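Everything below belongs to protein.tsv, which stores TSV, N, CA and C atoms and all ligand atoms.
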chain	number	residue	atom	x	y	z
A	310	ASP	N	-5.30	-36.18	-13.72
A	310	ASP	CA	-4.11	-35.84	-14.55
A	310	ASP	C	-3.95	-34.30	-14.66
A	311	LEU	N	-3.17	-33.82	-15.63
A	311	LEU	CA	-3.00	-32.37	-15.84
A	311	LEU	C	-4.33	-31.71	-16.22
A	312	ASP	N	-5.07	-32.34	-17.13
A	312	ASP	CA	-6.34	-31.80	-17.61
A	312	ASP	C	-7.38	-31.64	-16.51
A	313	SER	N	-7.48	-32.64	-15.64
A	313	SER	CA	-8.47	-32.61	-14.59
A	313	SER	C	-8.07	-31.61	-13.48
A	314	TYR	N	-6.77	-31.50	-13.20
A	314	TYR	CA	-6.24	-30.42	-12.36
A	314	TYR	C	-6.56	-28.98	-12.89
A	315	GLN	N	-6.36	-28.75	-14.18
A	315	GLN	CA	-6.69	-27.46	-14.77
A	315	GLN	C	-8.20	-27.12	-14.65
A	316	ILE	N	-9.07	-28.11	-14.85
A	316	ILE	CA	-10.52	-27.93	-14.72
A	316	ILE	C	-10.94	-27.65	-13.27
A	317	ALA	N	-10.39	-28.41	-12.32
A	317	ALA	CA	-10.66	-28.20	-10.87
A	317	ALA	C	-10.21	-26.79	-10.42
A	318	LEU	N	-9.03	-26.41	-10.89
A	318	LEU	CA	-8.47	-25.08	-10.61
A	318	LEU	C	-9.36	-23.95	-11.10
A	319	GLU	N	-9.75	-24.01	-12.37
A	319	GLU	CA	-10.68	-23.01	-12.95
A	319	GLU	C	-11.98	-22.84	-12.11
A	320	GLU	N	-12.60	-23.95	-11.78
A	320	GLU	CA	-13.76	-23.97	-10.90
A	320	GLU	C	-13.50	-23.30	-9.51
A	321	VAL	N	-12.41	-23.69	-8.83
A	321	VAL	CA	-12.03	-23.06	-7.55
A	321	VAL	C	-11.80	-21.54	-7.72
A	322	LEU	N	-11.07	-21.14	-8.77
A	322	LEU	CA	-10.72	-19.70	-8.97
A	322	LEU	C	-11.96	-18.87	-9.32
A	323	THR	N	-12.86	-19.42	-10.12
A	323	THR	CA	-14.15	-18.79	-10.40
A	323	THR	C	-14.93	-18.56	-9.11
A	324	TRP	N	-15.02	-19.57	-8.24
A	324	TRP	CA	-15.72	-19.42	-6.96
A	324	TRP	C	-15.03	-18.34	-6.09
A	325	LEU	N	-13.71	-18.43	-6.01
A	325	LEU	CA	-12.92	-17.59	-5.13
A	325	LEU	C	-12.95	-16.14	-5.56
A	326	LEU	N	-12.89	-15.90	-6.87
A	326	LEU	CA	-12.96	-14.50	-7.35
A	326	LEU	C	-14.27	-13.82	-6.83
A	327	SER	N	-15.37	-14.56	-6.81
A	327	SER	CA	-16.68	-14.04	-6.37
A	327	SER	C	-16.80	-13.93	-4.86
A	328	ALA	N	-16.13	-14.82	-4.14
A	328	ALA	CA	-16.07	-14.81	-2.66
A	328	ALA	C	-15.30	-13.58	-2.19
A	329	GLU	N	-14.17	-13.31	-2.85
A	329	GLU	CA	-13.37	-12.07	-2.59
A	329	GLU	C	-14.17	-10.78	-2.83
A	330	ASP	N	-14.78	-10.69	-4.00
A	330	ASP	CA	-15.67	-9.60	-4.30
A	330	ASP	C	-16.85	-9.47	-3.29
A	331	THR	N	-17.54	-10.56	-2.95
A	331	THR	CA	-18.63	-10.51	-1.95
A	331	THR	C	-18.13	-9.99	-0.60
A	332	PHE	N	-16.97	-10.49	-0.16
A	332	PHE	CA	-16.38	-10.07	1.11
A	332	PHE	C	-16.04	-8.56	1.06
A	333	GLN	N	-15.42	-8.13	-0.02
A	333	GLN	CA	-15.06	-6.74	-0.21
A	333	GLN	C	-16.26	-5.78	-0.21
A	334	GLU	N	-17.42	-6.20	-0.69
A	334	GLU	CA	-18.57	-5.30	-0.70
A	334	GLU	C	-19.51	-5.42	0.53
A	335	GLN	N	-19.03	-6.03	1.61
A	335	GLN	CA	-19.77	-6.03	2.88
A	335	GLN	C	-19.73	-4.60	3.44
A	336	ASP	N	-20.82	-4.18	4.09
A	336	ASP	CA	-20.90	-2.83	4.63
A	336	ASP	C	-20.03	-2.77	5.87
A	337	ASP	N	-19.55	-1.58	6.24
A	337	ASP	CA	-18.77	-1.47	7.47
A	337	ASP	C	-19.71	-1.64	8.68
A	338	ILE	N	-19.13	-2.03	9.81
A	338	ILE	CA	-19.91	-2.44	10.97
A	338	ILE	C	-20.79	-1.28	11.46
A	339	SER	N	-22.07	-1.57	11.67
A	339	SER	CA	-23.03	-0.55	12.08
A	339	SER	C	-22.90	-0.26	13.58
A	340	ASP	N	-23.56	0.81	14.04
A	340	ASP	CA	-23.70	1.14	15.48
A	340	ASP	C	-25.03	0.63	16.09
A	341	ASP	N	-25.98	0.25	15.24
A	341	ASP	CA	-27.26	-0.28	15.68
A	341	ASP	C	-27.15	-1.80	15.88
A	342	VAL	N	-27.66	-2.26	17.03
A	342	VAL	CA	-27.53	-3.65	17.43
A	342	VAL	C	-28.25	-4.55	16.43
A	343	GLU	N	-29.42	-4.12	15.96
A	343	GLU	CA	-30.20	-4.92	15.02
A	343	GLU	C	-29.53	-5.05	13.64
A	344	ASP	N	-28.82	-4.00	13.21
A	344	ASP	CA	-28.04	-4.06	11.97
A	344	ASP	C	-26.79	-4.93	12.13
A	345	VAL	N	-26.09	-4.79	13.26
A	345	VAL	CA	-24.91	-5.62	13.58
A	345	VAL	C	-25.25	-7.12	13.65
A	346	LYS	N	-26.44	-7.46	14.15
A	346	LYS	CA	-26.98	-8.84	14.17
A	346	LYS	C	-27.16	-9.48	12.78
A	347	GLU	N	-27.75	-8.70	11.87
A	347	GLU	CA	-27.87	-9.09	10.48
A	347	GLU	C	-26.50	-9.26	9.83
A	348	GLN	N	-25.59	-8.32	10.07
A	348	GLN	CA	-24.25	-8.41	9.53
A	348	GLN	C	-23.46	-9.56	10.12
A	349	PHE	N	-23.64	-9.81	11.42
A	349	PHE	CA	-23.02	-10.94	12.11
A	349	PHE	C	-23.53	-12.22	11.45
A	350	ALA	N	-24.85	-12.32	11.30
A	350	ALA	CA	-25.51	-13.49	10.67
A	350	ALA	C	-24.98	-13.78	9.25
A	351	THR	N	-24.96	-12.74	8.40
A	351	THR	CA	-24.46	-12.79	7.01
A	351	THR	C	-23.01	-13.25	6.98
A	352	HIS	N	-22.17	-12.68	7.85
A	352	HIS	CA	-20.79	-13.08	7.88
A	352	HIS	C	-20.61	-14.52	8.40
A	353	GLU	N	-21.40	-14.96	9.38
A	353	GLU	CA	-21.37	-16.36	9.83
A	353	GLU	C	-21.67	-17.37	8.70
A	354	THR	N	-22.63	-17.00	7.85
A	354	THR	CA	-23.02	-17.77	6.68
A	354	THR	C	-21.87	-17.80	5.67
A	355	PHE	N	-21.24	-16.65	5.45
A	355	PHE	CA	-20.09	-16.59	4.58
A	355	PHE	C	-18.96	-17.43	5.12
A	356	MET	N	-18.78	-17.45	6.45
A	356	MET	CA	-17.70	-18.25	7.02
A	356	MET	C	-17.88	-19.75	6.78
A	357	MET	N	-19.14	-20.22	6.79
A	357	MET	CA	-19.50	-21.61	6.44
A	357	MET	C	-19.36	-21.92	4.94
A	358	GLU	N	-19.72	-20.95	4.10
A	358	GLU	CA	-19.36	-20.99	2.65
A	358	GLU	C	-17.87	-21.22	2.42
A	359	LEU	N	-17.01	-20.38	2.99
A	359	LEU	CA	-15.54	-20.57	2.95
A	359	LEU	C	-15.12	-21.97	3.39
A	360	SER	N	-15.66	-22.39	4.55
A	360	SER	CA	-15.45	-23.72	5.15
A	360	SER	C	-15.75	-24.84	4.19
A	361	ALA	N	-16.96	-24.80	3.60
A	361	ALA	CA	-17.42	-25.80	2.63
A	361	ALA	C	-16.56	-25.90	1.36
A	362	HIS	N	-15.86	-24.82	0.99
A	362	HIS	CA	-14.99	-24.84	-0.19
A	362	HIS	C	-13.52	-25.16	0.10
A	363	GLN	N	-13.19	-25.32	1.37
A	363	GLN	CA	-11.83	-25.65	1.77
A	363	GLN	C	-11.33	-26.92	1.10
A	364	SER	N	-12.19	-27.93	1.02
A	364	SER	CA	-11.71	-29.21	0.56
A	364	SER	C	-11.50	-29.18	-0.95
A	365	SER	N	-12.26	-28.37	-1.69
A	365	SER	CA	-11.98	-28.19	-3.11
A	365	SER	C	-10.65	-27.49	-3.31
A	366	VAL	N	-10.36	-26.48	-2.47
A	366	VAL	CA	-9.06	-25.78	-2.50
A	366	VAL	C	-7.88	-26.72	-2.19
A	367	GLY	N	-7.96	-27.46	-1.08
A	367	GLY	CA	-6.95	-28.49	-0.76
A	367	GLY	C	-6.74	-29.53	-1.87
A	368	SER	N	-7.83	-29.97	-2.50
A	368	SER	CA	-7.78	-30.93	-3.63
A	368	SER	C	-6.94	-30.47	-4.81
A	369	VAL	N	-7.22	-29.26	-5.30
A	369	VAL	CA	-6.43	-28.63	-6.36
A	369	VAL	C	-4.93	-28.46	-5.97
A	370	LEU	N	-4.66	-28.04	-4.74
A	370	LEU	CA	-3.28	-27.88	-4.27
A	370	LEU	C	-2.60	-29.26	-4.16
A	371	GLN	N	-3.32	-30.25	-3.64
A	371	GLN	CA	-2.81	-31.65	-3.63
A	371	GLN	C	-2.55	-32.20	-5.05
A	372	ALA	N	-3.48	-31.96	-5.97
A	372	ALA	CA	-3.32	-32.43	-7.35
A	372	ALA	C	-2.10	-31.79	-8.03
A	373	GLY	N	-1.89	-30.49	-7.80
A	373	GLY	CA	-0.77	-29.78	-8.36
A	373	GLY	C	0.55	-30.21	-7.77
A	374	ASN	N	0.54	-30.51	-6.47
A	374	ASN	CA	1.74	-31.06	-5.83
A	374	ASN	C	2.11	-32.41	-6.35
A	375	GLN	N	1.12	-33.28	-6.52
A	375	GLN	CA	1.41	-34.61	-7.02
A	375	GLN	C	2.02	-34.54	-8.42
A	376	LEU	N	1.41	-33.72	-9.27
A	376	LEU	CA	1.83	-33.58	-10.66
A	376	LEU	C	3.26	-33.06	-10.75
A	377	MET	N	3.61	-32.10	-9.91
A	377	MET	CA	4.99	-31.59	-9.88
A	377	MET	C	6.00	-32.62	-9.34
A	378	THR	N	5.66	-33.31	-8.24
A	378	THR	CA	6.53	-34.37	-7.67
A	378	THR	C	6.65	-35.63	-8.55
A	379	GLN	N	5.61	-35.99	-9.31
A	379	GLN	CA	5.67	-37.18	-10.17
A	379	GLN	C	6.71	-37.09	-11.31
A	380	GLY	N	7.12	-35.89	-11.68
A	380	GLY	CA	8.14	-35.72	-12.69
A	380	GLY	C	7.77	-36.03	-14.14
A	381	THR	N	6.48	-36.02	-14.48
A	381	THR	CA	6.04	-36.32	-15.85
A	381	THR	C	5.83	-35.06	-16.72
A	382	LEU	N	5.90	-33.89	-16.09
A	382	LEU	CA	5.53	-32.65	-16.75
A	382	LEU	C	6.76	-31.97	-17.36
A	383	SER	N	6.50	-31.06	-18.30
A	383	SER	CA	7.53	-30.23	-18.92
A	383	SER	C	7.95	-29.16	-17.94
A	384	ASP	N	9.14	-28.60	-18.13
A	384	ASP	CA	9.57	-27.47	-17.28
A	384	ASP	C	8.58	-26.28	-17.33
A	385	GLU	N	7.98	-26.06	-18.50
A	385	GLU	CA	7.02	-24.96	-18.66
A	385	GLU	C	5.73	-25.21	-17.87
A	386	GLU	N	5.23	-26.44	-17.95
A	386	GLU	CA	4.05	-26.88	-17.22
A	386	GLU	C	4.26	-26.78	-15.72
A	387	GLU	N	5.43	-27.21	-15.24
A	387	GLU	CA	5.77	-27.08	-13.82
A	387	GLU	C	5.93	-25.62	-13.39
A	388	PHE	N	6.48	-24.78	-14.27
A	388	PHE	CA	6.49	-23.35	-14.03
A	388	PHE	C	5.06	-22.82	-13.80
A	389	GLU	N	4.16	-23.16	-14.72
A	389	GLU	CA	2.79	-22.61	-14.69
A	389	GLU	C	2.04	-23.03	-13.44
A	390	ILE	N	2.16	-24.32	-13.10
A	390	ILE	CA	1.51	-24.89	-11.93
A	390	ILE	C	2.02	-24.28	-10.63
A	391	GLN	N	3.34	-24.21	-10.46
A	391	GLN	CA	3.94	-23.57	-9.28
A	391	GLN	C	3.40	-22.14	-9.08
A	392	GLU	N	3.38	-21.37	-10.16
A	392	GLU	CA	2.79	-20.03	-10.14
A	392	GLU	C	1.28	-20.05	-9.72
A	393	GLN	N	0.51	-20.95	-10.31
A	393	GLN	CA	-0.90	-21.12	-9.97
A	393	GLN	C	-1.13	-21.43	-8.49
A	394	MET	N	-0.33	-22.32	-7.94
A	394	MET	CA	-0.54	-22.76	-6.57
A	394	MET	C	-0.11	-21.72	-5.57
A	395	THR	N	0.99	-21.05	-5.90
A	395	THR	CA	1.51	-19.92	-5.15
A	395	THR	C	0.45	-18.81	-4.99
A	396	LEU	N	-0.14	-18.42	-6.11
A	396	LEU	CA	-1.16	-17.40	-6.13
A	396	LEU	C	-2.44	-17.84	-5.40
A	397	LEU	N	-2.87	-19.09	-5.64
A	397	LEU	CA	-4.08	-19.60	-5.01
A	397	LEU	C	-3.90	-19.60	-3.49
A	398	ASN	N	-2.77	-20.13	-3.04
A	398	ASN	CA	-2.51	-20.21	-1.61
A	398	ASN	C	-2.45	-18.82	-1.00
A	399	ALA	N	-1.81	-17.87	-1.68
A	399	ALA	CA	-1.73	-16.49	-1.19
A	399	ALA	C	-3.12	-15.89	-1.01
A	400	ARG	N	-3.97	-16.05	-2.02
A	400	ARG	CA	-5.32	-15.48	-1.95
A	400	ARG	C	-6.19	-16.20	-0.91
A	401	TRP	N	-6.07	-17.51	-0.83
A	401	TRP	CA	-6.84	-18.27	0.14
A	401	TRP	C	-6.49	-17.91	1.61
A	402	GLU	N	-5.20	-17.85	1.90
A	402	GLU	CA	-4.74	-17.42	3.19
A	402	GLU	C	-5.14	-15.96	3.46
A	403	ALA	N	-5.05	-15.09	2.46
A	403	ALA	CA	-5.39	-13.65	2.67
A	403	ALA	C	-6.89	-13.52	3.02
A	404	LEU	N	-7.72	-14.33	2.35
A	404	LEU	CA	-9.16	-14.28	2.58
A	404	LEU	C	-9.50	-14.86	3.94
A	405	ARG	N	-8.78	-15.92	4.35
A	405	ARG	CA	-8.91	-16.54	5.68
A	405	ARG	C	-8.68	-15.53	6.80
A	406	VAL	N	-7.53	-14.85	6.74
A	406	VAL	CA	-7.15	-13.84	7.73
A	406	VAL	C	-8.18	-12.71	7.80
A	407	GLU	N	-8.47	-12.12	6.65
A	407	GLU	CA	-9.41	-11.01	6.57
A	407	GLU	C	-10.77	-11.36	7.10
A	408	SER	N	-11.27	-12.55	6.74
A	408	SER	CA	-12.61	-12.95	7.14
A	408	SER	C	-12.64	-13.27	8.63
A	409	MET	N	-11.54	-13.80	9.16
A	409	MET	CA	-11.45	-14.07	10.57
A	409	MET	C	-11.42	-12.79	11.37
A	410	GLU	N	-10.70	-11.79	10.89
A	410	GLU	CA	-10.69	-10.48	11.57
A	410	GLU	C	-12.07	-9.79	11.53
A	411	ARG	N	-12.76	-9.92	10.39
A	411	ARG	CA	-14.11	-9.43	10.27
A	411	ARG	C	-15.04	-10.08	11.33
A	412	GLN	N	-14.93	-11.40	11.45
A	412	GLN	CA	-15.72	-12.16	12.39
A	412	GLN	C	-15.47	-11.71	13.84
A	413	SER	N	-14.19	-11.44	14.20
A	413	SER	CA	-13.81	-10.95	15.54
A	413	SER	C	-14.44	-9.62	15.88
A	414	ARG	N	-14.41	-8.69	14.93
A	414	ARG	CA	-14.96	-7.36	15.10
A	414	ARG	C	-16.48	-7.33	15.21
A	415	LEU	N	-17.12	-8.17	14.41
A	415	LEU	CA	-18.55	-8.33	14.49
A	415	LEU	C	-18.98	-8.99	15.79
A	416	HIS	N	-18.21	-10.00	16.22
A	416	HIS	CA	-18.43	-10.72	17.48
A	416	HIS	C	-18.32	-9.75	18.67
A	417	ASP	N	-17.23	-8.97	18.72
A	417	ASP	CA	-17.00	-7.97	19.77
A	417	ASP	C	-18.04	-6.85	19.77
A	418	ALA	N	-18.43	-6.40	18.57
A	418	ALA	CA	-19.51	-5.42	18.41
A	418	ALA	C	-20.85	-5.95	18.93
A	419	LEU	N	-21.28	-7.13	18.47
A	419	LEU	CA	-22.55	-7.72	18.91
A	419	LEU	C	-22.61	-7.87	20.45
A	420	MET	N	-21.54	-8.38	21.06
A	420	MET	CA	-21.48	-8.50	22.52
A	420	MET	C	-21.55	-7.14	23.21
A	421	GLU	N	-20.73	-6.18	22.76
A	421	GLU	CA	-20.72	-4.82	23.36
A	421	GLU	C	-22.10	-4.15	23.24
A	422	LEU	N	-22.66	-4.14	22.04
A	422	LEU	CA	-24.01	-3.57	21.79
A	422	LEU	C	-25.18	-4.28	22.49
A	423	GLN	N	-24.93	-5.47	23.04
A	423	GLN	CA	-25.96	-6.20	23.79
A	423	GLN	C	-25.83	-6.02	25.31
A	424	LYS	N	-24.60	-5.75	25.79
A	424	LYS	CA	-24.31	-5.57	27.24
A	424	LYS	C	-24.70	-4.18	27.73
B	501	MG	MG	10.13	-31.61	-16.19
Spell out the structure here as structure tokens.
Ligand SMILES: [Mg+2]
Amino acid sequence: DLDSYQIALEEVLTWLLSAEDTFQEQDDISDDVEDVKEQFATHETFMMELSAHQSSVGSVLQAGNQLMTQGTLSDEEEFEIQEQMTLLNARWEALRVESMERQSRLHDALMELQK
């Protein structure tokens, strides 16, 4: 219902706020092959973390969609939810893109530094 959607959302946003912060405080790509390997490894682990939380993110977005389409909510409640989902989707997609670009650069670095 609305209550269980709000609780799922809070949990997802708490996780995501820390995932964004963790991603932001990664060191810039090193020139040493052994350091780039550790950074490649750390980022691969983070990419699986992101992966594992995808279904919780989809769940909250699905729950919010159902609640809005079912027509049982107040105009204010539908306002709040639309705003919540909009913001969540924006941040989730932004983190997806950024982390994928990070992975590409680390991948290209590791290969170049090994050849
Ligand atoms: Mg209404």
Set the cut-off to 8 Å, count all atoms listed in the file, and list whatever residues fall near ligand MG 501 (chain B) as a compact mmCIF listing (two decimals) with N, CA and C atoms, in the coordinates of the input.
# COMPACT_ATOMS: atom_id res chain seq x y z
N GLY A 380 7.12 -35.89 -11.68
CA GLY A 380 8.14 -35.72 -12.69
C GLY A 380 7.77 -36.03 -14.14
N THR A 381 6.48 -36.02 -14.48
CA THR A 381 6.04 -36.32 -15.85
C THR A 381 5.83 -35.06 -16.72
N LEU A 382 5.90 -33.89 -16.09
CA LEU A 382 5.53 -32.65 -16.75
C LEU A 382 6.76 -31.97 -17.36
N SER A 383 6.50 -31.06 -18.30
CA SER A 383 7.53 -30.23 -18.92
C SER A 383 7.95 -29.16 -17.94
N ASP A 384 9.14 -28.60 -18.13
CA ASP A 384 9.57 -27.47 -17.28
C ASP A 384 8.58 -26.28 -17.33
N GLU A 385 7.98 -26.06 -18.50
CA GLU A 385 7.02 -24.96 -18.66
C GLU A 385 5.73 -25.21 -17.87
N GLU A 386 5.23 -26.44 -17.95
CA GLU A 386 4.05 -26.88 -17.22
C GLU A 386 4.26 -26.78 -15.72
N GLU A 387 5.43 -27.21 -15.24
CA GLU A 387 5.77 -27.08 -13.82
C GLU A 387 5.93 -25.62 -13.39
N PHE A 388 6.48 -24.78 -14.27
CA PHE A 388 6.49 -23.35 -14.03
C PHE A 388 5.06 -22.82 -13.80
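Coordinates place atom CA of residue 325 of chain A at a distance of 17.5 Å from atom CA of residue 411 of chain A.
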Within 12 Å of residue 367 of chain A, counting only C-alpha atoms, which residues qualify if same-chain residues fewer than 5 places away don't, as a VMD selection string?
chain A and resid 314 317 to 318 321 360 to 362 372 to 374 394 397 to 398 401 to 402
All file atoms of segment 385-391 of chain A boxed axis-aligned, 3 Å per side, centre plus edges, as AutoDock Vina command-line options:
--center_x 4.7 --center_y -24.7 --center_z -13.9 --size_x 12.5 --size_y 11.1 --size_z 15.6
Selection: 12 Å around segment 351-355 of chain A, only C-alpha atoms, excl. self and same-chain fewer than 5 positions, as a PDB file with N, CA and C atoms, in the coordinates of the input:
ATOM      1  N   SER A 327     -15.370 -14.560  -6.810  1.00  0.00           N
ATOM      2  CA  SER A 327     -16.680 -14.040  -6.370  1.00  0.00           C
ATOM      3  C   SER A 327     -16.800 -13.930  -4.860  1.00  0.00           C
ATOM      4  N   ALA A 328     -16.130 -14.820  -4.140  1.00  0.00           N
ATOM      5  CA  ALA A 328     -16.070 -14.810  -2.660  1.00  0.00           C
ATOM      6  C   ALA A 328     -15.300 -13.580  -2.190  1.00  0.00           C
ATOM      7  N   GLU A 329     -14.170 -13.310  -2.850  1.00  0.00           N
ATOM      8  CA  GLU A 329     -13.370 -12.070  -2.590  1.00  0.00           C
ATOM      9  C   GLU A 329     -14.170 -10.780  -2.830  1.00  0.00           C
ATOM     10  N   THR A 331     -17.540 -10.560  -2.950  1.00  0.00           N
ATOM     11  CA  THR A 331     -18.630 -10.510  -1.950  1.00  0.00           C
ATOM     12  C   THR A 331     -18.130  -9.990  -0.600  1.00  0.00           C
ATOM     13  N   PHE A 332     -16.970 -10.490  -0.160  1.00  0.00           N
ATOM     14  CA  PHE A 332     -16.380 -10.070   1.110  1.00  0.00           C
ATOM     15  C   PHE A 332     -16.040  -8.560   1.060  1.00  0.00           C
ATOM     16  N   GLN A 333     -15.420  -8.130  -0.020  1.00  0.00           N
ATOM     17  CA  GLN A 333     -15.060  -6.740  -0.210  1.00  0.00           C
ATOM     18  C   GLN A 333     -16.260  -5.780  -0.210  1.00  0.00           C
ATOM     19  N   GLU A 334     -17.420  -6.200  -0.690  1.00  0.00           N
ATOM     20  CA  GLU A 334     -18.570  -5.300  -0.700  1.00  0.00           C
ATOM     21  C   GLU A 334     -19.510  -5.420   0.530  1.00  0.00           C
ATOM     22  N   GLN A 335     -19.030  -6.030   1.610  1.00  0.00           N
ATOM     23  CA  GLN A 335     -19.770  -6.030   2.880  1.00  0.00           C
ATOM     24  C   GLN A 335     -19.730  -4.600   3.440  1.00  0.00           C
ATOM     25  N   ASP A 336     -20.820  -4.180   4.090  1.00  0.00           N
ATOM     26  CA  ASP A 336     -20.900  -2.830   4.630  1.00  0.00           C
ATOM     27  C   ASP A 336     -20.030  -2.770   5.870  1.00  0.00           C
ATOM     28  N   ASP A 337     -19.550  -1.580   6.240  1.00  0.00           N
ATOM     29  CA  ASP A 337     -18.770  -1.470   7.470  1.00  0.00           C
ATOM     30  C   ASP A 337     -19.710  -1.640   8.680  1.00  0.00           C
ATOM     31  N   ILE A 338     -19.130  -2.030   9.810  1.00  0.00           N
ATOM     32  CA  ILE A 338     -19.910  -2.440  10.970  1.00  0.00           C
ATOM     33  C   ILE A 338     -20.790  -1.280  11.460  1.00  0.00           C
ATOM     34  N   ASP A 344     -28.820  -4.000  13.210  1.00  0.00           N
ATOM     35  CA  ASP A 344     -28.040  -4.060  11.970  1.00  0.00           C
ATOM     36  C   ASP A 344     -26.790  -4.930  12.130  1.00  0.00           C
ATOM     37  N   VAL A 345     -26.090  -4.790  13.260  1.00  0.00           N
ATOM     38  CA  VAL A 345     -24.910  -5.620  13.580  1.00  0.00           C
ATOM     39  C   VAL A 345     -25.250  -7.120  13.650  1.00  0.00           C
ATOM     40  N   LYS A 346     -26.440  -7.460  14.150  1.00  0.00           N
ATOM     41  CA  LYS A 346     -26.980  -8.840  14.170  1.00  0.00           C
ATOM     42  C   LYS A 346     -27.160  -9.480  12.780  1.00  0.00           C
ATOM     43  N   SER A 360     -15.660 -22.390   4.550  1.00  0.00           N
ATOM     44  CA  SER A 360     -15.450 -23.720   5.150  1.00  0.00           C
ATOM     45  C   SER A 360     -15.750 -24.840   4.190  1.00  0.00           C
ATOM     46  N   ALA A 361     -16.960 -24.800   3.600  1.00  0.00           N
ATOM     47  CA  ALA A 361     -17.420 -25.800   2.630  1.00  0.00           C
ATOM     48  C   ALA A 361     -16.560 -25.900   1.360  1.00  0.00           C
ATOM     49  N   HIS A 362     -15.860 -24.820   0.990  1.00  0.00           N
ATOM     50  CA  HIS A 362     -14.990 -24.840  -0.190  1.00  0.00           C
ATOM     51  C   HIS A 362     -13.520 -25.160   0.100  1.00  0.00           C
ATOM     52  N   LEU A 404      -7.720 -14.330   2.350  1.00  0.00           N
ATOM     53  CA  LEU A 404      -9.160 -14.280   2.580  1.00  0.00           C
ATOM     54  C   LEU A 404      -9.500 -14.860   3.940  1.00  0.00           C
ATOM     55  N   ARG A 405      -8.780 -15.920   4.350  1.00  0.00           N
ATOM     56  CA  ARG A 405      -8.910 -16.540   5.680  1.00  0.00           C
ATOM     57  C   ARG A 405      -8.680 -15.530   6.800  1.00  0.00           C
ATOM     58  N   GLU A 407      -8.470 -12.120   6.650  1.00  0.00           N
ATOM     59  CA  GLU A 407      -9.410 -11.010   6.570  1.00  0.00           C
ATOM     60  C   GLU A 407     -10.770 -11.360   7.100  1.00  0.00           C
ATOM     61  N   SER A 408     -11.270 -12.550   6.740  1.00  0.00           N
ATOM     62  CA  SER A 408     -12.610 -12.950   7.140  1.00  0.00           C
ATOM     63  C   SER A 408     -12.640 -13.270   8.630  1.00  0.00           C
ATOM     64  N   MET A 409     -11.540 -13.800   9.160  1.00  0.00           N
ATOM     65  CA  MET A 409     -11.450 -14.070  10.570  1.00  0.00           C
ATOM     66  C   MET A 409     -11.420 -12.790  11.370  1.00  0.00           C
ATOM     67  N   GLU A 410     -10.700 -11.790  10.890  1.00  0.00           N
ATOM     68  CA  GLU A 410     -10.690 -10.480  11.570  1.00  0.00           C
ATOM     69  C   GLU A 410     -12.070  -9.790  11.530  1.00  0.00           C
ATOM     70  N   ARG A 411     -12.760  -9.920  10.390  1.00  0.00           N
ATOM     71  CA  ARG A 411     -14.110  -9.430  10.270  1.00  0.00           C
ATOM     72  C   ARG A 411     -15.040 -10.080  11.330  1.00  0.00           C
ATOM     73  N   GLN A 412     -14.930 -11.400  11.450  1.00  0.00           N
ATOM     74  CA  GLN A 412     -15.720 -12.160  12.390  1.00  0.00           C
ATOM     75  C   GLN A 412     -15.470 -11.710  13.840  1.00  0.00           C
ATOM     76  N   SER A 413     -14.190 -11.440  14.200  1.00  0.00           N
ATOM     77  CA  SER A 413     -13.810 -10.950  15.540  1.00  0.00           C
ATOM     78  C   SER A 413     -14.440  -9.620  15.880  1.00  0.00           C
ATOM     79  N   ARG A 414     -14.410  -8.690  14.930  1.00  0.00           N
ATOM     80  CA  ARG A 414     -14.960  -7.360  15.100  1.00  0.00           C
ATOM     81  C   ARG A 414     -16.480  -7.330  15.210  1.00  0.00           C
ATOM     82  N   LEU A 415     -17.120  -8.170  14.410  1.00  0.00           N
ATOM     83  CA  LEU A 415     -18.550  -8.330  14.490  1.00  0.00           C
ATOM     84  C   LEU A 415     -18.980  -8.990  15.790  1.00  0.00           C
ATOM     85  N   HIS A 416     -18.210 -10.000  16.220  1.00  0.00           N
ATOM     86  CA  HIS A 416     -18.430 -10.720  17.480  1.00  0.00           C
ATOM     87  C   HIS A 416     -18.320  -9.750  18.670  1.00  0.00           C
TER      88      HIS A 416
END
Using only C-alpha atoms: which of A:342, A:330, A:390, A:319 has the shortest distance to residue 420 of chain A:
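Of all the options, A:342 lies closest to residue 420 of chain A.
Atom to atom, atom N of residue 419 of chain A and atom C of residue 326 of chain A stand 27.1 Å apart.
Between atom CA of residue 313 of chain A and atom CA of residue 392 of chain A the interatomic distance comes to 17.5 Å.
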I'd like to know which of A:396, A:422, A:403, A:356 is closest to residue 322 of chain A, using only C-alpha atoms.
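Result for the nearest residue to residue 322 of chain A: A:396.
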Rank nothing, just name the residue among A:368, A:363, A:378, A:395 nearest to residue 316 of chain A, using only C-alpha atoms.
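Once distances to residue 316 of chain A are computed over only C-alpha atoms, the minimum belongs to A:368.
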Restore N, CA, C and O atoms in segment 384-388 of chain A and list the result as a short mmCIF file (atom, residue, chain, number, x, y, z; two decimals), in the coordinates of the input.
data_model
loop_
_atom_site.label_atom_id
_atom_site.label_comp_id
_atom_site.auth_asym_id
_atom_site.auth_seq_id
_atom_site.Cartn_x
_atom_site.Cartn_y
_atom_site.Cartn_z
N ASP A 384 9.14 -28.60 -18.13
CA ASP A 384 9.57 -27.47 -17.28
C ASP A 384 8.58 -26.28 -17.33
O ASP A 384 8.36 -25.56 -16.31
N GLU A 385 7.98 -26.06 -18.50
CA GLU A 385 7.02 -24.96 -18.66
C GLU A 385 5.73 -25.21 -17.87
O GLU A 385 5.21 -24.29 -17.21
N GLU A 386 5.23 -26.44 -17.95
CA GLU A 386 4.05 -26.88 -17.22
C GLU A 386 4.26 -26.78 -15.72
O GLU A 386 3.37 -26.30 -15.01
N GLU A 387 5.43 -27.21 -15.24
CA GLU A 387 5.77 -27.08 -13.82
C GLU A 387 5.93 -25.62 -13.39
O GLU A 387 5.52 -25.25 -12.28
N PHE A 388 6.48 -24.78 -14.27
CA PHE A 388 6.49 -23.35 -14.03
C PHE A 388 5.06 -22.82 -13.80
O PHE A 388 4.79 -22.15 -12.79
#
